[PDB]
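Undergrad: Pasting a structure here, questions to come.
Number of protein chains: 2
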Amino acid sequence: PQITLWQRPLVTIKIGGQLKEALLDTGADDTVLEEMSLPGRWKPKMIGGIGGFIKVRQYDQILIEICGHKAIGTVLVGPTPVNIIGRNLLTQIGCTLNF
Amino acid sequence: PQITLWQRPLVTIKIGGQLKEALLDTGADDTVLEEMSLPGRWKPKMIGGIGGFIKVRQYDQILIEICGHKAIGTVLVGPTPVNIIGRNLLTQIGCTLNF
Ligand SMILES: CC(C)(C)NC(=O)[C@@H]1CN(Cc2cccnc2)CCN1C[C@@H](O)C[C@@H](Cc1ccccc1)C(=O)N[C@H]1c2ccccc2C[C@H]1O
């Protein structure tokens, strides 16, 4: 499919049964999801953005179904206002920027 | 061109007779360049991302060439680590996500 950028590119993702909405973010290196409990050992990582840095929990090798496509990757969890699907997961679904 | 997300999607922009790198960001509503001098008056604007909000200077009708494609729109100048090209300008150059 082809997603245009007039509005925010939000797609439905299935994170362990739960269907949430997420933003396809090309400027985001990592994927960051809202504060929730994921199975596994986590590592505190500090990531910075526009405002400043935030403290997140880094979970390795988690699977997320981004718009009907199974993708595996590292998922950071922390105080974010919107679920962000970064480059790490995006590449798995073979997403491209065309213009 | 068809850009893949294996690396940071950086392009060369020409703004004010000068070349500089910019990250093509689909998760960004606005185009935020780093602290630089621009002609014209500005207005106060407050945008927020991960880790809070910041104060940026909004300038309007700025000519900017993103990888050979001209675009004239609003540019925000603020304390950002990387020049960010947001949806506002991505739509002028006809940029789209595909997969
Ligand atoms: C991995 C992580 C998620 C931390 N990446 C980012 O946040 C990067 C950081 N770099 C910075 C960096 C930091 C350290 C090293 N290298 C680079 C600058 C670019 N952001 C990418 C943005 O796409 C993130 C989004 C998140 C968001 C979307 C909608 C609403 C709230 C938050 C973002 O910040 N978007 C906002 C946005 C962005 C610009 C202008 C206006 C707006 C409003 C909004 O669209």
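First to last, the sequence lines map onto chains A and B.
All the letters of the first sequence, read from the start, carry residue numbers 1 to 99 under PDB author numbering.
All the letters of the second sequence, read from the start, carry residue numbers 1 to 99 under PDB author numbering.
Virtual Cβ for every residue (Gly too), placed ideally from N, Cα, C.
Mapping the DSSP letters down to three states, classify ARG87(B) as helix, strand or coil.
TA: helix
Undergrad: Would you say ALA22(B) faces chain A, with C-beta separation under 8 Å as the test?
TA: Not one chain A Cβ lies under 8 Å of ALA22(B).
Undergrad: Helix, strand or coil, according to DSSP, for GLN2(A) in the structure here?
TA: strand
Undergrad: Hey, is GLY48(A) close to ligand 1, as in C-beta under 7 Å from one of its heavy atoms?
TA: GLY48(A) Cβ: within cutoff of ligand 1.
Undergrad: Give a yes or no on whether 8 Å exceeds the smallest Cβ distance from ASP30(A) to chain B.
TA: no
Undergrad: By the criterion of Cβ-Cβ separation under 8 Å, what are the contact partners of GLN61(A) in chain B?
TA: Those within 8 Å of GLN61(A) in chain B number zero; the least Cβ separation is about 19 Å.
Undergrad: With a Cβ-Cβ cutoff of 8 Å, do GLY68(A) and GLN92(A) count as a contact?
TA: no
Undergrad: What distance in whole Å lies between the Cβ atoms of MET36(B) and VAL77(B), which are believed to be in contact at a cut-off of 8 Å?
TA: The Cβ separation is near 6 Å, so the contact holds.
Undergrad: If you drop the 5 nearest sequence neighbours on each side, which residues of the same chain put their C-beta closer than 8 Å to that of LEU97(A)?
TA: These residues qualify, in order along the chain: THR26.
Undergrad: Measure from the C-beta of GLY16(A) to each C-beta in chain B and report whether the shortest distance is under 8 Å.
TA: no
Undergrad: Round the Cβ separation of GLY49(B) and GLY51(A) to the nearest angstrom and send it over; I've been treating them as touching at under 8 Å.
TA: 6 Å
Undergrad: Where do the N-terminal and C-terminal ends of the beta strand (DSSP E) with residue 101(A) fall, by residue?
TA: A question about residue 101(A) goes unanswered here, because the residues of chain A that appear run from 1 up to 99.
Undergrad: At what residues does the beta strand (DSSP E) containing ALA22(B) begin and finish?
TA: 19 to 24
Undergrad: Closer than 7 Å between beta carbons: that is the criterion. Which residues of the region 79 to 96 of chain B meet it against chain A?
TA: Contact annotation: in the region 79 to 96 of chain B, residues whose CB is within less than 7 Å of a CB in chain A are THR80, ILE84, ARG87, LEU90, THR91, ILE93, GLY94, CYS95, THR96.
Undergrad: Contact criterion: CB-CB distance below 8 Å. Does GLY49(A) meet it with respect to chain B?
TA: yes
Undergrad: Between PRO39(B), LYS55(B), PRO44(B), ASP29(B), which lies nearest to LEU89(B) when the distance is taken from Cα to Cα?
TA: Nearest C-alpha to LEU89(B): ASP29(B).
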